[PDB]
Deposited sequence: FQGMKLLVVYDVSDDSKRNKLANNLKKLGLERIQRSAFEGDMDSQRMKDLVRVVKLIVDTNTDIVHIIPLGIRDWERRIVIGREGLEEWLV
């Protein structure tokens, strides 16, 4: 069981508070605004995201996926 957190956070400063907190909960950065990690927590994840981002302005997707779907992703670039 995996999950992805993908975010669109307007305030520069809120964006890296969130990045910092996602690392702390053990997720790993895969791109500038996306992290992945293993199923562990959930309720804390949502609370963290809600407390940090501007909910009228920002968008965060927290998406479950199976391990085999993540494994079969295609990654283009660096």
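K.L.:
Which parts of the deposited sequence lack C-alpha coordinates in this model? Number from residue 1, please.
P.N.:
Model skips 1 to 3, 44 to 45, 84 to 91 of the deposited chain.
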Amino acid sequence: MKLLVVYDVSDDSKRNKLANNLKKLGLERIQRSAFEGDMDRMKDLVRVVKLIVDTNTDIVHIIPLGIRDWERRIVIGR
From here on, numbers count along this sequence of modelled residues.
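K.L.:
Which is higher on mean Cα B factor in this entry, 5 to 13 or 65 to 73?
P.N.:
In the deposited entry, the stretch with the higher C-alpha B-factor mean is 5 to 13.
K.L.:
State the tercile, meaning the lowest, middle or highest third, of residue 39 with respect to the CA B-factors recorded for its chain.
P.N.:
Highest third.
K.L.:
Relative to the other modelled residues of the same chain, rank the CA B-factor of residue 45 and answer lowest, middle or highest third.
P.N.:
Its C-alpha B-factor belongs to the highest third of this chain's values.
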